[PDB]
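# Coordinate analysis (summary)
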Amino acid sequence: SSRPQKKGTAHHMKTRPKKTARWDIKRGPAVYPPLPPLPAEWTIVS
Amino acid sequence: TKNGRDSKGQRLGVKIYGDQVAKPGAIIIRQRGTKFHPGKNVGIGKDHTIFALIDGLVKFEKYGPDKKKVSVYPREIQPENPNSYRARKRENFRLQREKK
Amino acid sequence: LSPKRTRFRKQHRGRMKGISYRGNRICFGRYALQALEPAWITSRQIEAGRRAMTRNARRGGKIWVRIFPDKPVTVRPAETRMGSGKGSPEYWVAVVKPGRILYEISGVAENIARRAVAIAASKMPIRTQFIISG
RNA sequence: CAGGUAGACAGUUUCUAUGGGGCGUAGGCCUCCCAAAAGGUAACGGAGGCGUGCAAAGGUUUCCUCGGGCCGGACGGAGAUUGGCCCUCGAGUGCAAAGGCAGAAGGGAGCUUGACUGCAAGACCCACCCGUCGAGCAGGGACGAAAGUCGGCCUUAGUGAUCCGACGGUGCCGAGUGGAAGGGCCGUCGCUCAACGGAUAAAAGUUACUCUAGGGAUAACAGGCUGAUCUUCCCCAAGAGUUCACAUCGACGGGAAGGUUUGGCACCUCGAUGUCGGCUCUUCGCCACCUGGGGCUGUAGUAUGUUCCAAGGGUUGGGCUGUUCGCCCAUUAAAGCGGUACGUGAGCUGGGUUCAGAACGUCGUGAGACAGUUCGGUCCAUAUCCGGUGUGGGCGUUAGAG
RNA sequence: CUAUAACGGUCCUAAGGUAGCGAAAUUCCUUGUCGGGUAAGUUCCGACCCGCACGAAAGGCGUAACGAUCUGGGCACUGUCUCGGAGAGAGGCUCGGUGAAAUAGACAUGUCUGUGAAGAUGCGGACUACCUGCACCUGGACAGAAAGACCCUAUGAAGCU
RNA sequence: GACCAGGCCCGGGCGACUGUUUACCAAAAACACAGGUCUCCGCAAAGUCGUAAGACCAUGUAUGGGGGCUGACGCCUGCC
RNA sequence: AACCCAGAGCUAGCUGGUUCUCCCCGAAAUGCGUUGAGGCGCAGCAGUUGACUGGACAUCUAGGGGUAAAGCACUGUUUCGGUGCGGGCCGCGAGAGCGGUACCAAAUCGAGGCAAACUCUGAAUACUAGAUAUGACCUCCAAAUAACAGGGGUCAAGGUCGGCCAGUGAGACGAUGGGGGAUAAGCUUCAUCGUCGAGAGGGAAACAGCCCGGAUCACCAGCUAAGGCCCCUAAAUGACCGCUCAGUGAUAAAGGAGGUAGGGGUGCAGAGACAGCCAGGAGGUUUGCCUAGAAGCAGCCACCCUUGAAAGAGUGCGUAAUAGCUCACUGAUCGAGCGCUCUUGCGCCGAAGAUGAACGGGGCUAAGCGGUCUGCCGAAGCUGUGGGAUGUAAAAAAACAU
RNA sequence: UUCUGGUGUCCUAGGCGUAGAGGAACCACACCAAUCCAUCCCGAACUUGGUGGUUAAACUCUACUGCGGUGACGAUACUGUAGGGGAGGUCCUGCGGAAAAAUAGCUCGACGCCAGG
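Definitions and limits used
Residues numbered from 1 in each chain as written, not as in the entry; some residues may be left out. Chains lettered and ligands numbered in written order. Part of a larger assembly, values for the part shown. Heavy atoms only, no water. Near = heavy atom within 4 Å. Polar contact = N/O pair within 3.5 Å; in protein donor to acceptor, adjacent residues only side chain to side chain. Nonpolar A, V, L, I, M, F, W, Y, C, P; charged D, E, K, R; others polar. Core = buried A, V, L, I, M, F, W, Y, C linked by side-chain atoms within 4.5 Å. Buried < 20%, exposed > 50% of the residue type's maximum accessible area, 1.4 Å probe, protein only. Helix = DSSP H or I, 4+ residues; strand = E, 2+ residues; numbered from the N terminus. Contact = heavy atoms within 4.5 Å. Pairing = 2+ DSSP bridges. Axes fitted to C-alpha atoms, helices over the stretch in contact; angles between N-to-C directions. Salt bridge = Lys/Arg side-chain N within 4 Å of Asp/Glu carboxyl O.

## Quick look at the protein's contact with RNA strand H
Contacts to RNA strand H come from 17 residues, most closely from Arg16 and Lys18 of chain A together with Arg15, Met16 and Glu37 of chain C. The contact atoms of RNA strand H, taken as those within 4 Å of the protein, divide so that sugar and phosphate hold 54%. Contacts to RNA strand H include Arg3 of chain A, whose side-chain N or O atom sits 3.4 Å from a base nitrogen. One of the side-chain N or O atoms of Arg16 of chain A is found 2.8 Å from a phosphate oxygen in RNA strand H. Here the residues of the surface near RNA strand H sort into 4 nonpolar, 3 polar and 10 charged.

## A word on the nonpolar core
Among the nonpolar cores identified, the biggest contains 22 residues, and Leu33, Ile41, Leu102, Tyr103, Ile105, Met124 and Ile126 of chain C are the most heavily contacted of them. Those elements that provide at least two residues to this core are β1 (31–35), α1 (43–57), β5 (92–96), β6 (101–106) and α2 (110–119) of chain C. Apart from residues no more than four positions distant in its own chain, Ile126 of chain C is found in contact with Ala35, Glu37, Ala39, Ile41 and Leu102 of chain C. Core analysis: the second largest hydrophobic core is formed by 10 residues, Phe36, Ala52, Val70 and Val72 of chain B among them.

## Let's talk about the arrangement of the chains
Chain A shows no contact with chain B. Their nearest C-alpha atoms sit 30 Å apart. Separated in space, chain A and chain C share no contact, their closest pair of C-alpha atoms being 14 Å apart.

## Concerning the protein's contact with RNA strand D
Close to RNA strand D lie 52 residues, the nearest being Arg5 and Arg32 of chain B together with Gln45, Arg55 and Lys123 of chain C. Counting only atoms of RNA strand D within 4 Å of the protein, the sugar-phosphate share comes to 78%. Residue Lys35 of chain B places a side-chain N or O atom 3.1 Å away from a sugar or linking oxygen belonging to RNA strand D. In this structure, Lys123 of chain C approaches RNA strand D through a side-chain N or O atom, which is 2.5 Å from a base oxygen. Of the residues forming the surface near RNA strand D, the biggest block, 4 residues, is contributed by α1 of chain C.

## Some words on the sheet that holds strand β7 (residues 128–132) of chain C
Residues and elements named next belong to chain C. Here 4 strands make up an open sheet; going across it, the order is β3-β6-β1-β7 and the pairing antiparallel. Every other strand in the sheet has two partners, leaving β3 (62–65) and β7 as the edge strands with one partner each. Across the sheet, the mean angle separating the axes of adjacent strands is 20° when strand polarity is ignored. Taken together, the 4 bridges between β3 and β6 define a ladder with antiparallel strand orientation. Note that in β6 the partner of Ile63 across the bridge is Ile105. Against the sheet, α2 engages β1, β6 and β7, with an angle of about 35° to β1.

## Re the pairing of strand β2 (residues 27–30) of chain B
Residue and element names in this part refer to chain B. Judged from the 2 bridges that link them, strand β1 (residues 13–14) and β2 form a sheet pairing that is antiparallel. The partner of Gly13 across the bridge, within β2, is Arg30. For β2 and strand β4 (residues 50–52), the ladder comprises 2 bridges, and the chain directions are antiparallel. Residue pairing for β4: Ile27 is matched across the bridge by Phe51.

## Some points on the pattern of salt bridges
Enumeration according to the criterion identifies 9 salt bridges over all chains in this entry. The residue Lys59 of chain B makes a salt bridge to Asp19 of chain B at a minimum N-O spacing of 3.5 Å. Of the two residues, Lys59 of chain B sits in strand β5 (residues 57–59) while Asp19 of chain B sits in the loop between β1 and β2, which places them 40 residues apart along the sequence. The salt bridge involving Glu47 of chain C is made with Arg50 of chain C; its shortest N-O contact spans 2.8 Å. On the criterion of helical spacing, the pair formed by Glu47 of chain C and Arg50 of chain C is a turn pair, its members being 3 residues apart in helix α1. Each of the salt bridges in this network shares a partner with another, and the network as a whole consists of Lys19, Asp24 and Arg27 of chain A.

In structure tokens:
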């Protein structure tokens, strides 16, 4: 035989989810245009 | 049944590197034999170690095909000081010992 | 096979590296056996491949064994495992890295050297090919 | 009172790293590598030495260049001593290696005793103890004409703290005083305290008659990782097979799978995982002994040899041994190999982790001991739950039933 | 002729094992080889002597009688067995009385497979299981006991030499 | 005719034998034994227990009293 | 070596245990030494109180190296060719002058290789130091609004030397550099680093060490990292290029293969290229040896030329040997692609275990694998809105860091 | 103000070899003798005192890349960080640094002081 089985934390460096597609690493979050600031949350009315 | 485990633990080496401020009597090189020959303003030791005679920097230069020549120069360099973080440290020591 | 004089009896191992840029060329002979695979080749596989291609040429031509082992491998006995006492007169080992020429042959025609070098590549733990003298 | 003198008796010691042992090895110092280009750095990793030696092999002044090949010279040759050229550091340095050192630190000659005293700014190394270097000052010198150099050796190893004792010496203390006995201080000596940071000035074994506090930190049984070893298969083909590598074996080599042997690690378990064999009783794998189908055959037919699919079913009764294994007899279609912690001792019994008694051989001075042999030698248990085999009762099945 | 050693020399000791025994309670190789017994005999008996590692009062070699001694074989005899079967009691099952115990973190306490301190009802996926008793069986709960007698550690204890 | 009431023979090993032995896992091939041999002991004996006095030995006297080893009986028991 | 009492509450470097809350900080499993190894003393690394300090993190520059790579200039070691110091035998009838030699070997040259204990060389990093450079926030400010810069204020952070005072000194895995091993182990020992230890959450089906990430607390808030978007289970049965037909999609190799999608070379064709049918395949000749025969077909040696459109002392079978069947090659009919090598991408076989799908499940020819484009889901991360506490800090408020 | 010749220092270390030149001055060999001095023997070396000729040896200057020394650029191995593949040995990417060997070349040194003519 002479093939070692990959045990714990060697199983984790092999069988962890790795996204090995060079496209899907390039993705940043989407950017919307900036909006004007929202008004005050409330106002004193006397 | 092994005939081993005969370590030694002994240490040597370059103590003060080039362009560094030396002291009178400061051991520049601890060496086995002479990798570094004594130039000027230095002295060789009883076990061929190189110590400095005067203050100043140390340098290295060839005088043959391989040799190295530890030397010492008097170092009258650099009066100007644009350091400004340290004055903020001492000035904040003053402001904290006057604030409370 | 085995060096006569040894400067040091036991010698520890050493790891394979990239493509050997020196021993990749062909010095003598017309055909060669270039190795693509870095491992160890003992003198035992060299005797096997040497008898294989010498008796596969068998009429004319001469082969060229390039490599010599020059390092030992100490196999400890079954004595419950703590020491590396004596394993030095045991099997010798040649380091081969990719690119390196293992065998050469001359005086042989095309397909007789293809079967001579190609059959003797089955006596060997690493994948190879045969190379013409370009 | 003094000498000798019995484990008769008493108090004790009997190291550790380790392979967690008889059978070994090592313990301290130095050099290279491992050591990954500062320094450091471990393993029962790879190689060696040291426990000194020198009145010069220390100091100073001065001179000189070795080492090897070639050529010449009836002793004398390959090689002694001598002459000449070539290479120029390959020789040498009291001894191991490393780093050094060519008008030298290598060899010779003269004079010599700094192989002194009192020291010492500053550094390195740095748990501490230690250990290493040192400019510079005074005295008194050695060499040299002087300049200057000399506080041992080209360097790194050649060693040991403390308590105590001893010798030589001293303007120190002298238990009322003067002394003295004794003690300091200084210079040195005495340890293979070698298990070398040294337990004491002084210390070996056995326990199966044992006992306690612990450990899975640590072995055995078993599981897990590994697969060197083992089983099985496959790649190449020098051959053997009257010719003929591949009907059948296949040397020299190579590549795998399995976890069934012996191993390696010590990861769960020692406030307890009960090993080997047998009986009873399963179940599962196929790497097929037979049964069923087929290919090839150096298959004329019978019987085969090898191989493919196929694990439904079977795989005997015995003599020996505690036996697994194995040998033999009578056969049989064949008398398969293994997993399930010996598969299975909360289902059951013998050899054994050989328990306590005894004997033989051998070892030991002995107590005792042997992976030597033989005789005898208590093995517990009312099922809580899961699991199983049977057998109900309730309720549900959309009204209730047979 | 193949052997084997009557016999010889040499080294070292204090001396180099005498009679008898001898794969033995002693023999590792070894189930040594031969013969007997058996259909078949690692056990037994009789021999050879290559006695790892017998041996002459730690006695050696024998033998009548004796032994809840060990061991080999044979006759008679039988459920030991092939290969079980029936019957009688005391339990076990049911009813009425009396009525514990070891054990116990709480238990709403499945199987496979995988993972995990590397042997999981408790974690993951799937499948299977209405609830709850009674009578049997003991594979698991690393079941109960009991701070492992074996192994190692302790600058532990004790006996003995 | 119930209950009661020897199974036996052929070999070998060890221990001569009847006995004793680990109360509660070993009854033996172990211990003892009759017999043998060595050695000590002259009585105010040796030896044993006790600092001592003394006691057992022994109210006995080498055909007796200790102690060591072996284990009837038959043949012997070698060399250093 | 009895039992009871007493010393005695013996001793235990060993085991178990040691009880209320909140806030801030926060390790170590290393070295040295040890009759020591599971103990301890010191150092390293905490807490608190200070005293000196001005650094940390980025960038640049300078120093010594001898590791990786590399190389044969030294030390070895090694493959081959030539000249080959010298030997091997035939040898002569001898004090011997030198004759015979396709054979083995010191030395050099050339072509080559290897080495931890080899270095003519020599990095990248790392170490020591020097040098350059405001880390956020609030506010004022040039008639002033932007912006540059400035004035003031607040906060955060480094190190050395101490005082008091602890633990820790069994580490584990992962990447790199190695030694032991068998370059086997979740193995053992080191050197730098990351995590766990002492770390919650999300992804990993489950699962300490793998990736993201650092949990003060609340919200039935939003945006994201790692990773995902058929259903179980949140988000795309999203778009466009190619591929796979084995459920590969979890798996292991040597080796085999007209598998399929390409890509690079080289050789033939409209003077007919490949595949099949048909025709020819002959003369010397049975080349010369052997054999009874060997006529191409048991074999040995070369292995011809001629007619020609081409024929090989033959490619295989067969025969006692022949004869003969047949092929490499050429001729003829239809006709337009055919070879033979390297090579990737994804595949096939090789590829077989013992209780039962066992590879998250269902399943899917895409919901699989490669290349881009847009969005969404996705943590206790961040943001937002509100509290609490600690430090500045010495009252409150407010601020920044935590 | 060049040469000459005692002197150093930086040095890429500047050397071997093939060629040409110098004796007005200088430096250097050669002949004669030995008083201080001297060689484990020799006036070979060293010293003193003179004849004083030559460049022969030795020094100095100018050329050559035939050896020797030095040595690129580009590449490439390697490596720091950030990652990926493989069962393992081990390999491949982004950015930064960057070899060695070989080769093209470079090199028959360069700066100062003092005394002549």
